[PDB]
Amino acid sequence: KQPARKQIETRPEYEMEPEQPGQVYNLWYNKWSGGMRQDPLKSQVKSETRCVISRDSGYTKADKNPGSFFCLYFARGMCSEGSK
RNA sequence: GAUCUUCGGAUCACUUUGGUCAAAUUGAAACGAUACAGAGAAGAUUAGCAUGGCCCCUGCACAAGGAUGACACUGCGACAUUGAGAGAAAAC
Ligand SMILES: [K+]
Ligand SMILES: [Mg+2]
Ligand SMILES: [Mg+2]
């Protein structure tokens, strides 16, 4: 019954190159291509952040709108705007 | 707010938001490699052009190529049974 707090103060930026020798970025399909297919179920890297309702939930600007949706990023816990 | 008007007001303008979709593991494709076989015509080597379509790829193309591009190329019962004999059964 208190305003919602922001979880991640920073913005996770995108910079990563798999398999340094044998990968090249693909402009059309925005993903790295070439190199070993690699296990389909291998990339899974444990998530870094985690959330619970108790310490995180609260009011936000979307509570006013009757048809508002939930944060894709609150559940995964990197909503970096808070109550805004 | 600007213009007049006579301090009543009149003019002038008047409803945005191109949305494969919210900051990239879990809704834009198609696969590397290793291991197996491993190149059409009845001996052997080998030119090709076709036929068929829920197979495509390269191409601007209704040219032409990709192993003659590849796969496929088979096969069965609107047979009426009587022709006869034998042992049985039921029957000339
Ligand atoms: K040939
Ligand atoms: Mg041809
Ligand atoms: Mg052919």
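Residue numbering for the first sequence is 47 to 130, as defined by the deposited numbering. Backbone N, C-alpha and C fix where the C-beta goes; we use that ideal spot for every residue, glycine too.
1. What are the residues that DSSP puts in a beta bridge with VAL70?
2. Over the uninterrupted alpha helix (DSSP H) stretch that includes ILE99, give me the two end residues.
3. Measuring straight from C-alpha to C-alpha, what distance separates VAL98 and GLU63?
4. Using the C-alpha atoms, what's the distance from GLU94 back to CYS117?
5. For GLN53, is the classification buried or exposed, using 16 other Cβ atoms within 10 angstroms of its Cβ as the cut-off for buried?
6. Please report the distance separating the alpha-carbon of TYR75 from that of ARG83.
Let's see:
1. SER79
2. 99–102
3. 32 Å
4. 18 Å
5. buried
6. 16 Å
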